[PDB]
Amino acid sequence: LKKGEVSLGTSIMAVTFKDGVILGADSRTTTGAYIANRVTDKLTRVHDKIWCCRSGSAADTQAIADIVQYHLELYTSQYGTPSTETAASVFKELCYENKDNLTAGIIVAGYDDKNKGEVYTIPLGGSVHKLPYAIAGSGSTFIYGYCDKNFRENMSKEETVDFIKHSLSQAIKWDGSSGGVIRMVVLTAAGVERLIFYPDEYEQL
Amino acid sequence: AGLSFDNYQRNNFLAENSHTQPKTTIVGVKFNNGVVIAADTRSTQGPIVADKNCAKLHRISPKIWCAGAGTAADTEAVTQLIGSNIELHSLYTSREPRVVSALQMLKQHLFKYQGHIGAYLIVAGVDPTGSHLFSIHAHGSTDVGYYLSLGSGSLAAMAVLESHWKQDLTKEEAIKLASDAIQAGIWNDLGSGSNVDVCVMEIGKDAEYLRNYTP
Amino acid sequence: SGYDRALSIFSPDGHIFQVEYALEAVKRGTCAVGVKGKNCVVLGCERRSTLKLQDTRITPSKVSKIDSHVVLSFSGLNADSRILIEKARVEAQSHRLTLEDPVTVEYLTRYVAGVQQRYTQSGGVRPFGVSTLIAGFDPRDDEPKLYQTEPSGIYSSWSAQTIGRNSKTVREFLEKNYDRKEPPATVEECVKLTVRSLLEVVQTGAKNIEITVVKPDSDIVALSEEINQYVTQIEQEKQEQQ
Amino acid sequence: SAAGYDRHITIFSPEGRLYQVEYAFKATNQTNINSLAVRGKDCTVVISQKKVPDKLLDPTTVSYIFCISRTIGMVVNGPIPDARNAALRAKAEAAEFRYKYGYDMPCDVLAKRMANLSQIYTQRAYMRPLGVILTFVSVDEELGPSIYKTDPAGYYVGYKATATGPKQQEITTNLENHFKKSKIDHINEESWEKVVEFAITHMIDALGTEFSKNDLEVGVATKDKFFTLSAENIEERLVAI
Amino acid sequence: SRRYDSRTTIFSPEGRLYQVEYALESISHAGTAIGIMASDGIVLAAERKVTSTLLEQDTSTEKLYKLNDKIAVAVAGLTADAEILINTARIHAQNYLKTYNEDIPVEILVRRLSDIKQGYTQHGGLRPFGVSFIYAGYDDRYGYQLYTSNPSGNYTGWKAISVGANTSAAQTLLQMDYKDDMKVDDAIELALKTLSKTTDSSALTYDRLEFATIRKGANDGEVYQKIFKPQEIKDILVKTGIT
Amino acid sequence: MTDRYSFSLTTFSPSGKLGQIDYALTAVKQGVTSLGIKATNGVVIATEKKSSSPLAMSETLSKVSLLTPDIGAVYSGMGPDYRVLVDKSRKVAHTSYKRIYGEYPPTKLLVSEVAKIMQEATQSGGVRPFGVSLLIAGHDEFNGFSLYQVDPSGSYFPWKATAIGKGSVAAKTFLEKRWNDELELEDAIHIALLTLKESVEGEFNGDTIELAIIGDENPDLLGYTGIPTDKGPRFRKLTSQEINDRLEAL
Amino acid sequence: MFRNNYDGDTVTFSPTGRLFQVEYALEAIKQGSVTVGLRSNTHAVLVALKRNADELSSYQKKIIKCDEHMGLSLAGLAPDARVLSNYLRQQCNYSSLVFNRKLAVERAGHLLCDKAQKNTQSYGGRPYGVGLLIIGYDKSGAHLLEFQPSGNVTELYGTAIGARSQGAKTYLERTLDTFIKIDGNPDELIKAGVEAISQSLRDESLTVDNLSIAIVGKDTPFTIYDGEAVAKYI
Amino acid sequence: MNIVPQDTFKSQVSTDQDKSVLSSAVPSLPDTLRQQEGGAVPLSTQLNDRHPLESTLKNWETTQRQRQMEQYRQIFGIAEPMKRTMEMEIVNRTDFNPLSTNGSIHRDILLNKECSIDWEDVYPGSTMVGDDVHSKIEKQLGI
Amino acid sequence: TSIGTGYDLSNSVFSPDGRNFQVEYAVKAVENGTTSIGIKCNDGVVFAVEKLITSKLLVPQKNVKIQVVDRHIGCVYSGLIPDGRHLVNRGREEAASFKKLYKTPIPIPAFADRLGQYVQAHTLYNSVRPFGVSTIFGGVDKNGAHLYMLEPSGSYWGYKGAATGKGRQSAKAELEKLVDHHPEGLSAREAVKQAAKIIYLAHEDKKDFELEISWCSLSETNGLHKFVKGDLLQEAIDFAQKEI
């Protein structure tokens, strides 16, 4: 990172379930110990049903996401709706080819008719890994065990929502850079659904 | 072409051989039908008060205003360059400028220079899509907020804003809240003082610039 | 005819006509003469008769001092000659800076010919319509040096040469009056021969003849009255002959 | 005709004309196809005549209507190669606008951008104008339904309604008569199916011929998206009236 | 001739450059300008191409321009090419002042502009500048100087000269009645009389003239330029005896 | 080799005339009439909206363009060239003056910049000359009100009143009969309407005439309040209703 | 007469749909002397008739070695032959240096076709005017290719190019089965090639100075015989 | 698909790397008088002590345009970058204005910078040698 | 008016009627090429070519006229051989790039558009000339079988049956008759036999000739482009001879 730059101390989760995918995050931005934003929207839309969350340098990730959205509009004008794999590949190429100057990590969650919802993770460095579920950020380190004990394939929508809520509540509880509300996006064949949960809800889990 | 790098080696050499190279409270608050930006009016060259009545509210466009901290010359130059670009784009499109367009221009320009242009900004405005408030960092990151503070007195102002902010605020309530935050910065921070400048941008109306709103 | 509209075209008889046309442009210029003495080189030039309202204080001379020991004269287009003279002076100073030694006459001649040859190597340029006479001494020797350069980039060495308008008559006079075995042994004889050669094609030589004399050790003297004295002496000798 | 160098490149004739531009205009009508565009209360409709005389040609692959972006649709009059070239250029321009300015490109700004490119072609000696006429349609978020047209000369302008092709004068006169009858400058129907039916009937009246489901191509621009109707939708609209 | 004039980089079989000759001939379509150097100043007088009374005479930038505080130019030919060259000359003069902390001599500036004009005749993508310049200046090396430059790039020095539409008749008139010991007032009268005699219009009205003098006597040996206003031009016309 | 250069598209003729510039002037003389007249307290610039289609919207296409808050321009000739020149002129006004001195350029300097671009268009092997003539009106603090004409060759001249286009000679005669040194801005507008009346051959109303003025400042067009020293724009375009009101009356 | 209007460059089609400059480049091949190539299954042979300027001059080199497993003979324009031989050498060197791999003959034919096709469609250059015969031995065996400078390559058992080459080609075609089975005996293949190139001789005889031979084989690197080294083959 | 410019350092140096100012007396050495840099500027001094941002700023626009061309090639095909580069080359080649340095209108239209201003535009950026039209003619023509 | 004097000596010039004559001359060059046909069956494509008999010196397996652009895309052309070879090379490059970028074989319409853009770009400048080939290409993708024909102007269309070359008129007549006689559709083997028959019918130019047939079908070749084997090729040749 650059001296004086803004870092992303987040808690990011993406879980695949029977009908699609759910992408969730907290809403805290910090400048060390001071909270510069109590309510930030960390769920970035790259296409209609292709969303992502970012970590590392904030400026670099914003520039990369803008370029990727431009790329996906160009692709859509020619061939139509892109697959989650294509967006992941573009993200990976941008992150890997510039890894000597930009610090960036991405979690990509997508839905399409062919593949029925997918999760990809691109850690620092630019490698890509396709996973049934992914976690990232400073708080993720505190929930590696819990998630490993509580994930099942082909869960229902409510079960996946509860799993993400519990995991992110623990991540918020233990990490000092993770904050107030939990935001989630559900991507299925029906459409895009936005959900938010407040501290008085999840802190009593 | 562009900003020059001549005499960089010479300046470094002078610095190595003992040659000294010679060398604020801002808030933004959204209300139900617009946005207010407010600032203190004290300008200091170190511990010495250079000017007790300094205008820190700058106009990107008639209904898009901003204030800055950090390197003053960089802030002024970037604001003026983006204002020129915004005016040219508005003439080209025959449309009222959008705040998001200014946000994109500022973000890309600051990211191009990799944080070497020390401009930290609060940008508020109203356009045909509604009212908008943004914070912009030197390295090229931007954020959206309902109420924002900036400068050395930003913590006191943020405390005041956290004490008395609601979803539905009238114009008068928002003006009073912003003025109170600036007053807290004035009283409790050594860098802030003197008077308060306010600018109110309401949807469907001309921008109202009140200099020395509270002296 | 049909092969003369570019500088990169060979005619069926192996000619390049644009070079000949640049030579035709050279032919229209005022006559310039160079005569190599035993220990000096004399450059003479023909000046078109000045007008009544023309200022003679700052009028450029037909002979330009390229360096302290080399001089240049030309025939053809004047502004092209200015460009060539500027380039030659810059090159002389550049050589003096790079190798610490001043140029020789042949080196400067080769550089000027190289510039002229370069300006014939593209369809987007026009060659210089100038022929030049370069005179001087290598800056450690007493051997006179006189060279001629052409628009195509060709240069040659001469003991006496004329370029420009009516140059054939002066060349015939020089061939009939110059002996390589016995060149003029004094500056006065060489100057007198140059002036008498110029008088063959000049109406009034008192005001249309310019003479410059270059001697070893980088002296370079330009004559004024003196040219009129030589003309009067030649006329009086001719009158006594009759 | 053209006498001199003003027959390969775009330079002034002694009369002050640019013959290559006029010849590109002449090329624009070589397809022998008519297009019509009318804007409704909250929609825009474009109709292009579809001529596929050859029985060995697949009809579904013949089209002169393109989706430039999410909100902008285009109809081209002229040869299909230049049409596809201009379509790709317009797609790239719209995406670049969105990347650079943070909001979607409106129809008139895109038309002006293409007209500026055409001006480049009309002034540069080593570039030729495209022999096509471009008609962009959208529902702009600040201007409502919008139709704009650009030509090989670099001229662009907006229309209440428009028609282009060999038989454009008759369609224009019919539209002007209808607008003088109504005096609202647009179409008062609120459902785009009604506007589509009106445009089909106007085309039938103007050309004096009956259209089948395979002799027409229809594109509709709404607030959120531009789309193209298939054969079934055109057949249903014809059956309705 | 018609086969060797489409380009500026081709010699004719006679070694002629037809584009340069055409550019030289284009000068005869412009108004007349006259420069006269007296013993204590220089006079520049140009005849306007004004053909309508709706033209703004007060805004007088058509023929006479200032390059710096000591050098001025009279223009004959296309005014846009003239403006390009004049801006270049102004920049060159300021560069010389910046580099050497001294005012640029007149001949150096004239030679620079003439070299530019010659270079524009040697590239196939450039057409010659269709302008002619009369330079009037003062410097410490030679005093008062009058120069002329043409599209070919050649320049010459003069005691009295004219460029433009009626150069032959004006030159004859100047030759008849030019003296080397004249004062600035006599030079002004001579320039006005020459323009009046050579004018193709009815009478030499004030609104068809541009006038300028370069003199000494503001405070000291320092030299000042005076560009005459229409009122001053009318006053001089009345005083001379032309009205 | 033979692609590192291109021969000059504009060359001298044996008579001494640049043919491409003359043909650009010919194209200008085939354009719709435009005119401009300067008063003691304003400048009027007017033109005709010669629509090529009744179904076209006259509001979408405007032949009068704001260059700076105090400077506007109109043209006769080829529209796309004018549009390109207008974009370039605005950009130059910002790059050369506003970002250097903090002020908008005076009328003469912006005119000179546009003229320099138009002249450079005639010394090229890649482009033909521009085929437009421009009338530029403006106001500045130290020069008052000004009106200039810029030709395709790049020449520009200041006029008290002038016209360009098809009926330029007759319009010039009329204006020279009507112009005096005590005219007012309203009188100038009336004279401009009268002059345009004798050139338009079709519907002569507020929907086929485009008129703009340089007058006094318009604080209502500034868009914000609070700074007394901030002067509003001088350039103002008249609406169709205002033109109808002026046409119906004397 | 009308052909004179549409033959300025390679950028111009005639109204009948012909590209004349490429045709002239193809005609330039018959200005060269005859070369023959053939192969059975294990060896490939090139035979060349060389020409001299006069009695006091040397004879032109018609066979050039591209790599230890590949060579070619040329008939036509000399500068083009030098350029193409150098290009093929560079390609073989690149293959060996980067992949430790021997360049295939078919790959060389493809590369030559790609390089030649570009000069037939762009202004400013000129089509190549030399025909080539390429012999090689690689993992797929023995290969003989004929390259035409229009940008064409063919694979064949035997062929001949150059002036008066029709007789040699007819002889090779008539006796295909005889020379296609000469495996493991280079001498018989060389003799068959020499006889074939003798079929095209007109008022000339093969001497020790005007004859050149080249052979590539399974265990035999590409070798050139000239001078006395061909005296045994007459 | 770069964002920040990469591969900006020189991998090798030579005394004749600048073909424009090669000395006529010794062709393998540069001509210091016609360089007009001050007379005491060895080439090696340009390899050290640079600002870390100078290379990023110098090559920024080229890097962005190269990324755009790569995107077009990936999404549209070879023809789109081919045509864009061809247009830019044609515009750049047929402009020779030795007396001005301002970019053309058509170049800015192709670059989509019609109404965009940067410090390069605001700050476009005397001598005895090599400040004439003929030097630019020679450089443009490769004489 | 098939010869436009004054407007046919440069590539990117419009005539007063708005025509580009160099492109039409390239069309003339195409019209003098070898006859090539393409037939679209129920779930695939069949390509057929007539080829002149060359000398025995050529290697039999190295002389193929039907180029394989990709594992699912086949292509034939009529016109100048080097131009067709260059265009096939560009098509292979485009297919490889698309498959590498998007992990799937390129759809036929996208490939057709990329080829058409590349061909059209060569009618824009006077420093190049249009390609002198017309190309019939086809294949199978997730949406079914596609057959396209591409022209020197850059114009391409999808076809039920396409023909080019010298014998284009008779081939088109037989293709129209085949389409009329089979409104329901046509199978792959029937397409092979009919292509053989059409080539034999159109071969009358006088002269020994050979027939080359290739096909790409979902049911028969599993969506891959393969040449017709010896037995099926001989059967097709015999059926064509019996038809005549």
# chains A, B, ... in the order shown; residues from 1 in each chain; ligands from 1
>>> residues_around(residues="residue 19 (chain A)", least_positions_apart="5", cutoff="8 Å", atoms="only C-alpha atoms", output="PyMOL selection string")
chain A and resi 116-117+154+156-157+188-189
>>> write_last_selection(atoms="C-alpha atoms", output="mmCIF file, in the first residue's frame")
data_model
loop_
_atom_site.group_PDB
_atom_site.id
_atom_site.type_symbol
_atom_site.label_atom_id
_atom_site.label_comp_id
_atom_site.auth_asym_id
_atom_site.auth_seq_id
_atom_site.Cartn_x
_atom_site.Cartn_y
_atom_site.Cartn_z
ATOM 1 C CA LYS A 116 -26.735 -21.231 -12.133
ATOM 2 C CA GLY A 117 -24.684 -18.979 -9.879
ATOM 3 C CA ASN A 154 -27.788 -26.808 -1.961
ATOM 4 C CA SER A 156 -32.400 -23.044 0.885
ATOM 5 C CA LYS A 157 -32.525 -19.258 0.656
ATOM 6 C CA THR A 188 -31.347 -15.994 -8.541
ATOM 7 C CA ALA A 189 -33.409 -16.607 -11.667
#
>>> residues_around(residues="region 173-177 of chain A", least_positions_apart="2", cutoff="8 Å", atoms="only C-alpha atoms", output="ChimeraX atom specification")
/A:9-10,28-30,138-139,142,169-171,179
>>> interface_residues(of="chain B", to="chain D", cutoff="12 Å", atoms="only C-alpha atoms", output="PyMOL selection string")
chain B and resi 85-86+89-109+127-129
>>> residues_around(residues="residue 32 (chain F)", least_positions_apart="4", cutoff="8 Å", atoms="only C-alpha atoms", output="PDB file with C-alpha atoms, in the first residue's frame")
ATOM      1  CA  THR F  47     -29.866  34.488 -39.084  1.00  0.00           C
ATOM      2  CA  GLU F  48     -32.512  32.367 -40.799  1.00  0.00           C
ATOM      3  CA  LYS F  50     -33.576  27.353 -43.345  1.00  0.00           C
ATOM      4  CA  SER F  76     -22.949  31.328 -43.263  1.00  0.00           C
ATOM      5  CA  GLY F  77     -21.802  28.264 -45.177  1.00  0.00           C
ATOM      6  CA  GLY F 165     -24.773  34.816 -47.419  1.00  0.00           C
ATOM      7  CA  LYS F 166     -27.016  34.861 -50.469  1.00  0.00           C
TER       8      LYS F 166
END
>>> select_by_dssp(residues="region 42-159 of chain F", states="strand (DSSP E)", output="VMD selection string")
chain F and resid 43 to 48 65 to 68 71 to 77 132 to 140 144 to 150 156 to 158
>>> residues_around(residues="residue 214 (chain B)", least_positions_apart="2", cutoff="6 Å", atoms="only C-alpha atoms", output="PyMOL selection string")
chain B and resi 195-196+212
>>> atom_distance(atom1="CA of residue 83 (chain D)", atom2="CA of residue 133 (chain D)")
8.6 Å
>>> decode(residues="region 203-241 of chain D", atoms="N, CA and C atoms", output="PDB file, in the first residue's frame")
ATOM      1  N   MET D 203     -47.238   3.346 -43.088  1.00  0.00           N
ATOM      2  CA  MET D 203     -46.356   2.833 -44.131  1.00  0.00           C
ATOM      3  C   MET D 203     -47.152   2.168 -45.248  1.00  0.00           C
ATOM      4  N   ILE D 204     -48.171   1.382 -44.885  1.00  0.00           N
ATOM      5  CA  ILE D 204     -49.002   0.715 -45.886  1.00  0.00           C
ATOM      6  C   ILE D 204     -49.702   1.739 -46.769  1.00  0.00           C
ATOM      7  N   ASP D 205     -50.264   2.784 -46.159  1.00  0.00           N
ATOM      8  CA  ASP D 205     -50.939   3.820 -46.933  1.00  0.00           C
ATOM      9  C   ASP D 205     -49.964   4.566 -47.835  1.00  0.00           C
ATOM     10  N   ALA D 206     -48.777   4.894 -47.319  1.00  0.00           N
ATOM     11  CA  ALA D 206     -47.837   5.708 -48.082  1.00  0.00           C
ATOM     12  C   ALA D 206     -47.254   4.935 -49.259  1.00  0.00           C
ATOM     13  N   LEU D 207     -46.879   3.674 -49.042  1.00  0.00           N
ATOM     14  CA  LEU D 207     -46.287   2.886 -50.115  1.00  0.00           C
ATOM     15  C   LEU D 207     -47.321   2.252 -51.034  1.00  0.00           C
ATOM     16  N   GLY D 208     -48.591   2.236 -50.644  1.00  0.00           N
ATOM     17  CA  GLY D 208     -49.619   1.631 -51.477  1.00  0.00           C
ATOM     18  C   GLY D 208     -49.428   0.148 -51.704  1.00  0.00           C
ATOM     19  N   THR D 209     -49.065  -0.590 -50.658  1.00  0.00           N
ATOM     20  CA  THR D 209     -48.849  -2.024 -50.770  1.00  0.00           C
ATOM     21  C   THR D 209     -49.163  -2.681 -49.435  1.00  0.00           C
ATOM     22  N   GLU D 210     -49.390  -3.990 -49.484  1.00  0.00           N
ATOM     23  CA  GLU D 210     -49.714  -4.768 -48.296  1.00  0.00           C
ATOM     24  C   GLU D 210     -48.455  -5.432 -47.754  1.00  0.00           C
ATOM     25  N   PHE D 211     -48.253  -5.329 -46.444  1.00  0.00           N
ATOM     26  CA  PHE D 211     -47.077  -5.878 -45.783  1.00  0.00           C
ATOM     27  C   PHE D 211     -47.423  -7.201 -45.113  1.00  0.00           C
ATOM     28  N   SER D 212     -46.571  -8.200 -45.315  1.00  0.00           N
ATOM     29  CA  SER D 212     -46.686  -9.468 -44.617  1.00  0.00           C
ATOM     30  C   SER D 212     -45.786  -9.455 -43.381  1.00  0.00           C
ATOM     31  N   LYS D 213     -45.772 -10.571 -42.650  1.00  0.00           N
ATOM     32  CA  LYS D 213     -44.977 -10.645 -41.431  1.00  0.00           C
ATOM     33  C   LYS D 213     -43.481 -10.701 -41.711  1.00  0.00           C
ATOM     34  N   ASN D 214     -43.083 -10.979 -42.951  1.00  0.00           N
ATOM     35  CA  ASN D 214     -41.679 -11.097 -43.313  1.00  0.00           C
ATOM     36  C   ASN D 214     -41.160  -9.911 -44.112  1.00  0.00           C
ATOM     37  N   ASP D 215     -42.010  -8.939 -44.430  1.00  0.00           N
ATOM     38  CA  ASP D 215     -41.609  -7.778 -45.211  1.00  0.00           C
ATOM     39  C   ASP D 215     -41.352  -6.549 -44.351  1.00  0.00           C
ATOM     40  N   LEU D 216     -41.336  -6.699 -43.028  1.00  0.00           N
ATOM     41  CA  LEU D 216     -41.163  -5.568 -42.129  1.00  0.00           C
ATOM     42  C   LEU D 216     -40.198  -5.930 -41.011  1.00  0.00           C
ATOM     43  N   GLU D 217     -39.593  -4.895 -40.433  1.00  0.00           N
ATOM     44  CA  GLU D 217     -38.761  -5.022 -39.246  1.00  0.00           C
ATOM     45  C   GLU D 217     -39.110  -3.872 -38.314  1.00  0.00           C
ATOM     46  N   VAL D 218     -39.312  -4.171 -37.031  1.00  0.00           N
ATOM     47  CA  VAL D 218     -39.827  -3.198 -36.074  1.00  0.00           C
ATOM     48  C   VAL D 218     -38.899  -3.125 -34.868  1.00  0.00           C
ATOM     49  N   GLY D 219     -38.573  -1.911 -34.452  1.00  0.00           N
ATOM     50  CA  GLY D 219     -37.837  -1.695 -33.215  1.00  0.00           C
ATOM     51  C   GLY D 219     -38.530  -0.672 -32.343  1.00  0.00           C
ATOM     52  N   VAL D 220     -38.545  -0.940 -31.037  1.00  0.00           N
ATOM     53  CA  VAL D 220     -39.283  -0.130 -30.074  1.00  0.00           C
ATOM     54  C   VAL D 220     -38.340   0.313 -28.964  1.00  0.00           C
ATOM     55  N   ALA D 221     -38.361   1.607 -28.654  1.00  0.00           N
ATOM     56  CA  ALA D 221     -37.570   2.192 -27.579  1.00  0.00           C
ATOM     57  C   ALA D 221     -38.502   2.680 -26.477  1.00  0.00           C
ATOM     58  N   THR D 222     -38.298   2.170 -25.266  1.00  0.00           N
ATOM     59  CA  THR D 222     -39.020   2.584 -24.075  1.00  0.00           C
ATOM     60  C   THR D 222     -38.057   3.280 -23.114  1.00  0.00           C
ATOM     61  N   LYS D 223     -38.556   3.595 -21.917  1.00  0.00           N
ATOM     62  CA  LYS D 223     -37.741   4.302 -20.934  1.00  0.00           C
ATOM     63  C   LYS D 223     -36.530   3.479 -20.513  1.00  0.00           C
ATOM     64  N   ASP D 224     -36.712   2.174 -20.324  1.00  0.00           N
ATOM     65  CA  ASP D 224     -35.652   1.338 -19.776  1.00  0.00           C
ATOM     66  C   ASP D 224     -34.822   0.626 -20.836  1.00  0.00           C
ATOM     67  N   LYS D 225     -35.415   0.240 -21.966  1.00  0.00           N
ATOM     68  CA  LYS D 225     -34.689  -0.576 -22.929  1.00  0.00           C
ATOM     69  C   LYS D 225     -35.187  -0.316 -24.343  1.00  0.00           C
ATOM     70  N   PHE D 226     -34.316  -0.610 -25.305  1.00  0.00           N
ATOM     71  CA  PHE D 226     -34.667  -0.705 -26.715  1.00  0.00           C
ATOM     72  C   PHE D 226     -34.646  -2.174 -27.107  1.00  0.00           C
ATOM     73  N   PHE D 227     -35.662  -2.608 -27.845  1.00  0.00           N
ATOM     74  CA  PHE D 227     -35.763  -4.001 -28.247  1.00  0.00           C
ATOM     75  C   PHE D 227     -36.293  -4.083 -29.669  1.00  0.00           C
ATOM     76  N   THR D 228     -36.173  -5.271 -30.251  1.00  0.00           N
ATOM     77  CA  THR D 228     -36.608  -5.540 -31.613  1.00  0.00           C
ATOM     78  C   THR D 228     -37.682  -6.615 -31.585  1.00  0.00           C
ATOM     79  N   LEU D 229     -38.785  -6.368 -32.281  1.00  0.00           N
ATOM     80  CA  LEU D 229     -39.863  -7.340 -32.350  1.00  0.00           C
ATOM     81  C   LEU D 229     -39.507  -8.467 -33.312  1.00  0.00           C
ATOM     82  N   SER D 230     -39.983  -9.665 -32.993  1.00  0.00           N
ATOM     83  CA  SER D 230     -39.754 -10.834 -33.827  1.00  0.00           C
ATOM     84  C   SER D 230     -40.895 -10.975 -34.833  1.00  0.00           C
ATOM     85  N   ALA D 231     -40.905 -12.085 -35.575  1.00  0.00           N
ATOM     86  CA  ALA D 231     -41.940 -12.295 -36.582  1.00  0.00           C
ATOM     87  C   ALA D 231     -43.310 -12.495 -35.944  1.00  0.00           C
ATOM     88  N   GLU D 232     -43.362 -13.190 -34.804  1.00  0.00           N
ATOM     89  CA  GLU D 232     -44.643 -13.438 -34.147  1.00  0.00           C
ATOM     90  C   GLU D 232     -45.300 -12.138 -33.699  1.00  0.00           C
ATOM     91  N   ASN D 233     -44.518 -11.218 -33.132  1.00  0.00           N
ATOM     92  CA  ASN D 233     -45.079  -9.954 -32.667  1.00  0.00           C
ATOM     93  C   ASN D 233     -45.578  -9.106 -33.830  1.00  0.00           C
ATOM     94  N   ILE D 234     -44.827  -9.075 -34.933  1.00  0.00           N
ATOM     95  CA  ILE D 234     -45.263  -8.330 -36.110  1.00  0.00           C
ATOM     96  C   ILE D 234     -46.537  -8.937 -36.682  1.00  0.00           C
ATOM     97  N   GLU D 235     -46.614 -10.270 -36.716  1.00  0.00           N
ATOM     98  CA  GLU D 235     -47.825 -10.931 -37.190  1.00  0.00           C
ATOM     99  C   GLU D 235     -49.016 -10.605 -36.299  1.00  0.00           C
ATOM    100  N   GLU D 236     -48.810 -10.598 -34.981  1.00  0.00           N
ATOM    101  CA  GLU D 236     -49.889 -10.250 -34.063  1.00  0.00           C
ATOM    102  C   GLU D 236     -50.350  -8.812 -34.270  1.00  0.00           C
ATOM    103  N   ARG D 237     -49.403  -7.889 -34.456  1.00  0.00           N
ATOM    104  CA  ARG D 237     -49.770  -6.497 -34.701  1.00  0.00           C
ATOM    105  C   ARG D 237     -50.542  -6.351 -36.006  1.00  0.00           C
ATOM    106  N   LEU D 238     -50.141  -7.091 -37.043  1.00  0.00           N
ATOM    107  CA  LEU D 238     -50.875  -7.057 -38.306  1.00  0.00           C
ATOM    108  C   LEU D 238     -52.279  -7.630 -38.150  1.00  0.00           C
ATOM    109  N   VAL D 239     -52.414  -8.724 -37.397  1.00  0.00           N
ATOM    110  CA  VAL D 239     -53.721  -9.342 -37.195  1.00  0.00           C
ATOM    111  C   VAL D 239     -54.640  -8.411 -36.416  1.00  0.00           C
ATOM    112  N   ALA D 240     -54.087  -7.671 -35.451  1.00  0.00           N
ATOM    113  CA  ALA D 240     -54.905  -6.747 -34.672  1.00  0.00           C
ATOM    114  C   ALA D 240     -55.548  -5.689 -35.562  1.00  0.00           C
ATOM    115  N   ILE D 241     -54.793  -5.146 -36.511  1.00  0.00           N
ATOM    116  CA  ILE D 241     -55.329  -4.164 -37.448  1.00  0.00           C
ATOM    117  C   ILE D 241     -54.434  -4.051 -38.678  1.00  0.00           C
TER     118      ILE D 241
END
